[PDB]
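Chemist: First residue of the first sequence: 379, per the deposited numbering; consecutive thereafter. Here's a structure for you.
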Amino acid sequence: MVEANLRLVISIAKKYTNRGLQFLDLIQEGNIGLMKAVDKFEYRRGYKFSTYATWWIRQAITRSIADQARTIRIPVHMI
DNA sequence: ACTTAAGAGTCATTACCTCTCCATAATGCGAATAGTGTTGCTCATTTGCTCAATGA
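Below, the structure written as structure tokens:
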């Protein structure tokens, strides 16, 4: 299930490119979020995979670029 | 068994003066931990003051 939606990870992380982080770091952290979405996925709500996986991939990419992008790190609640 | 081509690597002066320019984006909600305030308390530091011998 994980190695069939990596194209979804590169499709999400295509837009977060020039935000202070490398392109390969983004899709790596998106893969971490994709694994966390695979482990907690429920099929009985009719949705296929993508509407549940997109939120977790976007969350992992945003929490990656909110912390590991600057030296003087501001937490996400303060920013 | 040896001889020309392709590709990679590594340098190309010294010293000083002036100026500009060096960033933008998800939300929220408990859990848990670090931080700050409170009160009672002890301990080290210094200083004016006191007490005891002693010769003139």
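Beta carbons are placed, not taken as given, at the ideal position from N, Cα and C, and that holds for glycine.
Considering Cα atoms alone, identify which of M379, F427, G398 is closest to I450.
Modeler: Of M379, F427, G398, the residue nearest in Cα terms is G398.
Chemist: Using only alpha-carbon positions, find the residue among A382, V416, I405 that is nearest to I439.
Modeler: Minimum Cα distance to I439 is reached at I405.
Chemist: Give me the residue from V380, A447, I452 with the minimum Cα distance to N396.
Modeler: Nearest of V380, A447, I452 to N396, Cα basis: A447.
Chemist: Inspect the beta-carbon positions of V416 and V454 and report whether they are closer than 7 Å.
Modeler: Against a cut-off of 7 Å, the Cβ pair of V454 and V416 comes out as no contact.
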